Amino acid sequence: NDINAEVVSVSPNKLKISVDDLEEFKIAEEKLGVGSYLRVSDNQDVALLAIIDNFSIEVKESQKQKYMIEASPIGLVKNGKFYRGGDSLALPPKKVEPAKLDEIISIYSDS
Amino acid sequence: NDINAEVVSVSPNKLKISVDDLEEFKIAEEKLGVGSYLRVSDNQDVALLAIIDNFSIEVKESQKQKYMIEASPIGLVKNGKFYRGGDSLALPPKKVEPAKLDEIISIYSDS
Amino acid sequence: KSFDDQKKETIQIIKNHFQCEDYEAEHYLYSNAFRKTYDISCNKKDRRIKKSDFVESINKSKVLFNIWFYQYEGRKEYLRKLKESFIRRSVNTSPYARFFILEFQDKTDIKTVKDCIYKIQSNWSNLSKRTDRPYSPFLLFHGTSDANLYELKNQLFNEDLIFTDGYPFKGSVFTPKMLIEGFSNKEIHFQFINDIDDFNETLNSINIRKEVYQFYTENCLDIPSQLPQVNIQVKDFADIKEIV
Amino acid sequence: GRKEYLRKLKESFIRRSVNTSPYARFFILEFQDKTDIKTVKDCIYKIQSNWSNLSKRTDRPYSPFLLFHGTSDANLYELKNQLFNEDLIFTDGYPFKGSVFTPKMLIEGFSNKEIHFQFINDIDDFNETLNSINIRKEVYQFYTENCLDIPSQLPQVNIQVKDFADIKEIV
Amino acid sequence: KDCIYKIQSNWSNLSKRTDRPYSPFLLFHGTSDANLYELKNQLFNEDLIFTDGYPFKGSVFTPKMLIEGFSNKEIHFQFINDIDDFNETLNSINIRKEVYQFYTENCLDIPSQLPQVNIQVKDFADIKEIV
């Protein structure tokens with residue numbers, strides 16, 4: 001697993017995402033940016049799509065690093081078709097991966 | 001090693017740098033002041049430039065001296081060429097040294 | 001023709017032939033084909049040969065030294081030309097098992113070898129106390145006597161450059177797992193692979209992404225091909241410091 | 001009875017704990033060609049368990065020093081190889097191949113909780129680490145036929161044993 | 001079962017305070033497989049959880065399961081079926097091994113590189129008080 005990110009807190013328009021394990025180091029550089037798109041799901045078929053609002057990486061001597069990501073659930077994708085939502089509830093914990101190109105394109109094309 | 005500073009936390013526009021060891025007192029006096037330029041990298045080829053925004057040195061009775069520096073990334077130096085735009089992500093921890101004169105000159109000459 | 005009038009024509013005839021990138025043709029295939037053109041041209045008797053086997057001789061993984069582009073732009077530009085071609089770097093260096101095979105012979109001074117070890121360890125290791133994934137490079141030296149090699153290892157230990165080599169005590173068999181622990185050890189600065197037999201046993205014990213950086217002057221080895229190799233020929237061992 | 005000979009030797013020279021103080025304890029065991037490898041290992045494990053304090057609660061840790069003599073280097077190195085595979089981590093001042101004797105590696109391993117004991121290869125490394133340790137050093141000798149010569153300025157006991165097996169319950 | 005429970009109670013330490021746990025290894029010989037599986041089934045019913053290197057039906061012998069079960073606080077001891085499972089387990093263990101043999105008539109053959117002790121008892125009932 002190249003990235004192990006996970007939603008840890010859910011607010012009505014906010015997601016708090018913890019990157020538990022980062023391995024590629026290129027996912028964080030390009031796909032975890034301040035405007036990047038994430039896919040939030042526990043299954044490959046139906047997902048939330050979120051834009052990163054904020055992030056914070058912290059390292060300390062003894063404990064593990066705290067890479068924390070703020071995101072906002074802009075919509076819902078079901079079976080390749082994106083539905084502009086903003087209120088669909090994801091119950092944490094939820095597996096988070098960077099959104100694919102076809103999913104980001106589906107935001108502005110399926111409406 | 002005269003200066004031992006390291007990035008301990010990363011925000012989208014902010015770096016927190018902890019000075020672990022300060023053998024040379026002259027480096028802190030003239031190169032670690034507010035507005036000074038730092039070179040943030042784990043290697044000498046590709047780096048991230050930052051400007052010191054704030055600092056605080058707190059000393060206590062029994063523990064080690066806590067020298068913390070706030071910086072904001074301003075651009076990226078690759079093979080002696082500076083690229084404006086501090087949206088690149090440096091994964092902490094990253095070794096921090098004061099920037100050389102050629103690096104500060106390349107901020108305005110290259111762009 | 002002129003010197004510049006033939007540069008942009010020689011690259012394109014091998015760029016489309018091998019279907020590679022720009023650094024894989026100008027720095028990797030143009031450079032090797034220049035001396036193999038010069039080697040048959042500088043021969044006393046056999047000047048004209050057939051180029052049927054010329055296309056496979058230049059396709060070797062070794063990046064060959066070229067003397068004509070050493071006296072032309074100097075050592076400050078040729079070593080700077082090799083640095084962004086195969087020693088490409090990013091902002092964040094990933095915890096990979098990087099292997100640095102440097103060639104050490106009897107005329108090379110120990111001190112000049114010692115400065116390259118300090119250069120390799122500084123750039124290719126992150127031994128920070130706040131890392132959850134520290135990494136250190138592996139170092140292999142060859143072509144020298146064991147007595148001359150042991151003097152280098154003995155000096156590095158006195159200047160507090162702690163390393164591991166798979167032999168924690170006298171009479172110990174070579175333990176690969178000592179080198180793997182030294183990769184993740186923040187108190188071990190690098191790993192010293194003694195010889196080829198200790199080399200290939202360490203590749204099988206590593207499951208993470210592996211990179212090999214070989215720098216030599218005349219003698220090169222047969223690194224297995226599924227790895228990434230970088231094989232660069234230099235004149236003197238001090239040229240290796242400016243590339244890594 | 002054989003229980004009485006062990007009881008006399010356990011109290012005459014050896015003490016049960018020697019106040020559990022951090023001391024440079026040297027255990028010189030006379031290894032023969034006739035002595036089996038595994039009965040040396042039982043003696044080493046018993047010496048290490050009784051004469052070291054590597055718990056995290058302490059602030060003054062210590063580890064014993066082991067020296068063997070009378071045997072060849074073939075089975076001496078073979079014993080050291082087995083002890084390393086069973087996670088009994090030791091040091092002998094030779095951190096790498098083709099290294100000179102580094103007595104400071106034995107100094108750090110004495111205070112290291114991850115290094116269980118300190119091995120000493122022979123006499124020349126034994127006298128070299130004697131001058132490198134500044135704290136109080138005691139030498140315990142367990143021999144059957146051949147007795148080593150110890151410098152006269154150190155607290156030494158010399159215990160004769162019928163074989164190598166009875167050394168284990170003495171310590 | 002009374003002997004196995006006494007061996008597990010004395011020669012294992014699975015308390016949450018420690019960080020170096022250990023569990024004993026149990027091997028039986030001279031009996032049929034019918035009452036060997038009857039003994040294994042009854043011990044697992046009373047929450048004396050063990051591993052024998054066969055985590056599922058039709059599995060090859062996995063000594064890694066006994067590596068994890070030795071340091072697992074939730075696995076009380078380890079079962080060994082016969083001599084072929086025992087020798088392969090010895091090679092997989094890297095730490096110090098001791099073989100404690102209790103027998104009445106027939107004694108099993110043990111490799112000489114291991115510390116062995118042999119106890120000949122009048123019957124099986126004396127083993128629970130000896131151990």
# chains A, B, ... in the order shown; residues from 1 in each chain; ligands from 1

$ select_by_dssp --residues "stretch 18-238 of chain C" --states "helix (DSSP H, G or I)" --output "ChimeraX atom specification"
/C:18,23-26,30-41,54-57,75-83,110-123,146-158,176-184,196-203,237-238

$ closest_atom_pairs --of "chain A" --to "chain C" --cutoff "6 Å" --atoms "only C-alpha atoms" --output "tab-separated table"
residue	atom	partner	partner_atom	distance
A:59	CA	C:130	CA	5.8
A:60	CA	C:130	CA	5.1
A:61	CA	C:130	CA	4.2

$ write_last_selection --atoms "N, CA, C and O atoms" --output "compact mmCIF listing (two decimals), in the first residue's frame"
# COMPACT_ATOMS: atom_id res chain seq x y z
N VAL A 59 6.45 15.86 13.00
CA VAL A 59 7.34 14.78 13.40
C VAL A 59 7.87 15.07 14.79
O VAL A 59 8.14 16.23 15.14
N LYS A 60 7.98 14.03 15.60
CA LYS A 60 8.56 14.12 16.93
C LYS A 60 9.52 12.95 17.12
O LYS A 60 9.52 12.00 16.35
N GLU A 61 10.36 13.06 18.16
CA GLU A 61 11.48 12.14 18.31
C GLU A 61 11.01 10.71 18.60
O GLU A 61 11.48 9.76 17.96

$ atom_distance --atom1 "atom CA of residue C:24" --atom2 "atom CA of residue C:224"
19.4 Å

$ select_by_dssp --residues "stretch 37-98 of chain B" --states "strand (DSSP E or B)" --output "compact mmCIF listing (two decimals) with N, CA and C atoms, in the first residue's frame"
# COMPACT_ATOMS: atom_id res chain seq x y z
N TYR B 37 17.29 33.93 5.14
CA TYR B 37 16.96 32.85 4.22
C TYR B 37 17.57 31.54 4.69
N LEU B 38 16.76 30.48 4.65
CA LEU B 38 17.19 29.15 5.04
C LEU B 38 17.08 28.20 3.86
N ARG B 39 17.95 27.20 3.85
CA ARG B 39 17.95 26.16 2.83
C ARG B 39 17.47 24.86 3.46
N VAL B 40 16.32 24.37 3.01
CA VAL B 40 15.65 23.22 3.60
C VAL B 40 15.76 22.05 2.63
N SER B 41 16.57 21.06 2.99
CA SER B 41 16.79 19.91 2.11
C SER B 41 17.41 18.77 2.90
N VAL B 46 18.99 19.39 -4.62
CA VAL B 46 17.66 19.99 -4.71
C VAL B 46 17.24 20.43 -3.32
N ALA B 47 16.75 21.67 -3.20
CA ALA B 47 16.44 22.25 -1.91
C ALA B 47 15.16 23.07 -1.99
N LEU B 48 14.73 23.53 -0.82
CA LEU B 48 13.58 24.41 -0.68
C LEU B 48 14.00 25.62 0.13
N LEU B 49 13.79 26.82 -0.42
CA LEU B 49 14.19 28.04 0.25
C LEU B 49 13.05 28.58 1.10
N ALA B 50 13.39 29.17 2.24
CA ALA B 50 12.40 29.70 3.16
C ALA B 50 12.94 30.96 3.83
N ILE B 51 12.02 31.85 4.22
CA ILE B 51 12.35 33.09 4.91
C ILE B 51 11.87 32.98 6.35
N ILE B 52 12.74 33.34 7.29
CA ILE B 52 12.40 33.27 8.71
C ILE B 52 11.35 34.32 9.02
N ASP B 53 10.20 33.87 9.52
CA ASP B 53 9.09 34.75 9.89
C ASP B 53 9.08 35.07 11.37
N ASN B 54 9.42 34.10 12.21
CA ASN B 54 9.38 34.27 13.66
C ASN B 54 10.35 33.27 14.27
N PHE B 55 10.76 33.55 15.50
CA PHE B 55 11.62 32.64 16.24
C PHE B 55 11.35 32.83 17.72
N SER B 56 11.70 31.81 18.50
CA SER B 56 11.62 31.89 19.95
C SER B 56 12.63 30.92 20.55
N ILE B 57 13.49 31.42 21.42
CA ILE B 57 14.46 30.60 22.14
C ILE B 57 14.05 30.61 23.60
N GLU B 58 13.59 29.47 24.10
CA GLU B 58 13.16 29.34 25.48
C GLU B 58 14.13 28.43 26.22
N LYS B 66 15.27 25.27 23.91
CA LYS B 66 14.25 25.09 22.87
C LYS B 66 14.31 26.29 21.94
N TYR B 67 15.00 26.13 20.81
CA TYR B 67 15.13 27.16 19.79
C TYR B 67 14.24 26.73 18.63
N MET B 68 13.15 27.46 18.42
CA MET B 68 12.18 27.14 17.38
C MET B 68 12.10 28.30 16.41
N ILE B 69 12.11 27.99 15.11
CA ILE B 69 12.09 28.99 14.05
C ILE B 69 10.86 28.75 13.18
N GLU B 70 10.09 29.80 12.95
CA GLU B 70 9.00 29.77 11.98
C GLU B 70 9.49 30.30 10.65
N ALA B 71 9.22 29.56 9.58
CA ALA B 71 9.63 29.96 8.25
C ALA B 71 8.51 29.68 7.27
N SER B 72 8.55 30.38 6.13
CA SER B 72 7.60 30.17 5.06
C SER B 72 8.35 29.84 3.78
N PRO B 73 8.03 28.72 3.13
CA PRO B 73 8.71 28.39 1.87
C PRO B 73 8.38 29.40 0.78
N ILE B 74 9.40 29.77 0.02
CA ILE B 74 9.24 30.77 -1.03
C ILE B 74 9.52 30.22 -2.41
N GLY B 75 10.21 29.09 -2.53
CA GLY B 75 10.55 28.58 -3.84
C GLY B 75 11.39 27.34 -3.71
N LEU B 76 11.97 26.93 -4.84
CA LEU B 76 12.68 25.67 -4.91
C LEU B 76 13.95 25.84 -5.71
N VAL B 77 15.07 25.37 -5.17
CA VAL B 77 16.37 25.47 -5.81
C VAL B 77 16.75 24.09 -6.33
N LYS B 78 16.91 23.97 -7.64
CA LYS B 78 17.38 22.75 -8.28
C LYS B 78 18.63 23.06 -9.08
N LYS B 81 19.53 26.52 -9.70
CA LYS B 81 18.51 27.35 -10.33
C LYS B 81 17.29 27.41 -9.42
N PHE B 82 16.81 28.62 -9.15
CA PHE B 82 15.70 28.83 -8.23
C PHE B 82 14.40 28.91 -9.02
N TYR B 83 13.36 28.28 -8.49
CA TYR B 83 12.03 28.28 -9.10
C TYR B 83 11.03 28.88 -8.12
N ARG B 84 10.46 30.02 -8.48
CA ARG B 84 9.52 30.72 -7.62
C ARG B 84 8.23 29.93 -7.47
N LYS B 95 16.86 18.67 6.99
CA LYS B 95 17.98 19.40 7.58
C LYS B 95 17.99 20.84 7.08
N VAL B 96 18.17 21.78 8.00
CA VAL B 96 18.06 23.21 7.70
C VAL B 96 19.41 23.87 7.94
N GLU B 97 19.88 24.62 6.95
CA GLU B 97 21.08 25.42 7.06
C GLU B 97 20.78 26.82 6.54
N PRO B 98 21.52 27.83 6.98
CA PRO B 98 21.37 29.16 6.37
C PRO B 98 21.76 29.14 4.90

$ closest_residue --among "E:119, E:26, E:114, E:7" --to "residue E:81" --atoms "only C-alpha atoms"
E:26

$ interface_residues --of "chain B" --to "chain A" --cutoff "7 Å" --atoms "only C-alpha atoms" --output "count of residues only"
9

$ closest_residue --among "A:99, A:91, A:107, A:27" --to "residue A:7" --atoms "only C-alpha atoms"
A:91

$ interface_residues --of "chain E" --to "chain D" --cutoff "8 Å" --atoms "only C-alpha atoms" --output "ChimeraX atom specification"
/E:94-96,113-115

$ write_last_selection --atoms "N, CA, C and O atoms" --output "CSV table (one decimal), in the first residue's frame"
chain,number,residue,atom,x,y,z
E,94,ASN,N,15.3,-19.5,16.6
E,94,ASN,CA,16.7,-19.0,16.7
E,94,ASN,C,17.2,-18.9,18.2
E,94,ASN,O,18.4,-19.1,18.4
E,95,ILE,N,16.3,-18.7,19.1
E,95,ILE,CA,16.7,-18.5,20.5
E,95,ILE,C,17.1,-19.8,21.2
E,95,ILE,O,17.0,-20.9,20.6
E,96,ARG,N,17.6,-19.7,22.4
E,96,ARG,CA,18.0,-20.9,23.2
E,96,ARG,C,16.9,-21.8,23.4
E,96,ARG,O,15.8,-21.5,23.8
E,113,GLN,N,23.1,-31.4,20.0
E,113,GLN,CA,23.4,-30.0,20.2
E,113,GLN,C,22.6,-29.2,21.2
E,113,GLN,O,22.9,-28.1,21.5
E,114,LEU,N,21.5,-29.8,21.6
E,114,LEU,CA,20.5,-29.2,22.5
E,114,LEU,C,20.7,-29.6,23.9
E,114,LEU,O,21.1,-30.7,24.2
E,115,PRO,N,20.5,-28.7,24.9
E,115,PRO,CA,20.5,-29.1,26.3
E,115,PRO,C,19.3,-30.0,26.6
E,115,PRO,O,18.1,-29.6,26.6

$ interface_residues --of "chain D" --to "chain C" --cutoff "12 Å" --atoms "only C-alpha atoms" --output "ChimeraX atom specification"
/D:73-85,89-102,104-105,118-122
